[PDB]
Structure formats: C-alpha cells, structure tokens
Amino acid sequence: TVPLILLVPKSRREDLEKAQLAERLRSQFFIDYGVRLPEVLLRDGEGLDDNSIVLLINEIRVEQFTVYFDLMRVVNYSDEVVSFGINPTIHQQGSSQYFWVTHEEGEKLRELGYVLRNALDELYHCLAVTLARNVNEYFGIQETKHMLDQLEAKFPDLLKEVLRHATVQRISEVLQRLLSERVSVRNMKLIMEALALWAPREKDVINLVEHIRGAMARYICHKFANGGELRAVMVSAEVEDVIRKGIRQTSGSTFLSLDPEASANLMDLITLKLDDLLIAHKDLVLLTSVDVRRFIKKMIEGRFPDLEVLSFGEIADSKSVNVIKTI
C-alpha cells in the first residue's frame, strides 16, 4: 500500500486524532464493503478553512469536501424546514446542494421526521463514495488473491469450482466492478456461488457482473437502503426506449450508440429533473430496466459520479423503495 491522506484544518486536527477518524474510517469501510483500505494519515492543510477536508491518493488531490464539523446535515431536506423558522447553512458542490443546521435545530427537526446526520458520518459517506469509485487505486490482484485465501480456509470446494471457470485476474475485475458502483463484496461466499453459477455461462466480464448483480439483488437493495427507506428517481419508459433503441453490437460486446444530440438531450432532462430535488445525489439512486442499467450508468457518470443506477430486478424484493421523481 501507499497511505491515503486527509488534509484537515489546523483548528480541527486535535479533535480528529482524538476521535480516531483515521482508523474508524478504515473499520467502517471494511464493515460496509469487505475490503481493507490502506492506512489513512491526517495532515494539516495550509489555508484550509475550518470546514474543509481534502483527500489525496498517491499524493494527488482527488476531491475536496465541505463538512461543517459543528453542524448537522438534514439529509431529506425540504423547504418546509424554513416554515419552522430554521434557515440552514447551504453548500453547493457539483449540482448537489447540502443543508446544515445547528444541533439544536437538528433535534427539533428529528421530531418532525427529518433524518439528520453528523459531520463525521457525513464525511465518511463522502469519502466512502469517492473511494468506492477509486477502488482500482488500492484494490487489485494481490488483495483479491488474499481474500480468496481467507475464503479457501472455510470453503475450499467452492473456491475450486469458481477457478475451474474463472481466473484470479477475472474475479478481481468482477470485485472491482461491483465495488466501483458501491456494491459491497463483504459476502464473498455469496458472490462466489453466483460466479459458480454464471462464470461458465458468461465469458464477457461486463455481462458477468450484471448477472452477479441479479443474483445479489436482495443484498444490493438492503445496502442502499441503509436502515431506512430507499430513495429512487425512476427513469421513464420514454427515456428507457431511446437508450434501448440506441443499443448496438458489431463483434465483441454490446455498446450504446446515441447521436451526440440525442445524448445531450437525455442529459439535459436528467440534469433538470435532479435540479428540482433538494437531496444529494449520493443519497439517491436511479431505477431502470435490467438491460439498460449499465448504459445509463456509463452515460451519466462523467457528470454525476455519485449517482448509482439500480435495475428494477435489484429492487423487486424490497419493501421500502420510495420513488420521489421520474425522469
């Protein structure tokens, strides 16, 4: 490994050491995603204002976050909150907007049903999301091969079934593709049984990952729910069909071929439908049909890298999906 670095404000460093942000971060990441982060060091950022954090991977600034350490974030913010006389501190970051309120104001809003989050939990969800996306930077063949060792000491026969049909390279690619889209690989037993089933059937890694995803529907659903309702923006049959109608294939696998204008137009619709929502992209997902899920993720990720895209198959067996807008 090389270490992950969090540049933090001079004024906050002491509390962050005392809170053990560095290590708790790694622990919770393991609990959520089933993989080892490298060591995380804190370092004082020169000219960071008191509510800024910066992440460095390989000593290159990767993203800056605004977390108001003394305040609480309203996660399902609506404008109704202003009706209770609370005027939030607002930060605009990408085309997401974030609303922060005092501890006091926060307790009042909790009892009206709002879900509030502290600065450190928030900071973790932000780092988790960026690190899930940057999985290739610290997770590859060596770590895969080490996860397999741990699995072989429990389930040797299943490890061997999977290897009759997939190389260690291939399985690492699968795990990376799951994790890059924020799907946990903490249940290597289940994932392997799913590779056991599909890997002989499917020699295209992209198609394989989609079948593993289908097989893991219930787990993906539970994870994006947290311990609460799953907030979904539904992609309409209309948008779905422009994508479906663009799907091509020459010899290798299957790809999206849309006019430049056709894609820019789809993007303007998504953009503006999301601008109507007060909720941060990373607390939402998009729902769409199984065959177009991956195309929409490829299409939107350059611009909305936080917004994941679940298929309707992946939520069939959920209780608390809440569709809050259509596209």
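The first residue of the sequence shown is number 1, and the count goes up from there.
- The PDB entry records a higher mean C-alpha B factor for 90-98 than for its counterpart among 90-98 and 208-216.
- As the entry records it, the average C-alpha temperature factor is higher for 199-207, out of 199-207 and 156-164.
- In the PDB entry, the Cα temperature factor peaks, among 48, 279, 31, 37, at 48.
- Per the deposited record, 223 carries the highest C-alpha B-factor of all listed residues (182, 186, 223, 231).
- Per the PDB record, residue ranking by Cα B-factor puts residue 317 in the highest third of the chain.
- The deposited CA B-factor of residue 6 belongs to the lowest third of values across its chain.
- Ranked by Cα temperature factor within the chain, residue 236 sits in the lowest third according to the deposited record.
- Annotation for residue 110: C-alpha temperature factor in the highest third relative to the rest of the modelled chain, per the entry.
- In the PDB entry, residue 173 places in the middle third of its chain by CA B-factor.
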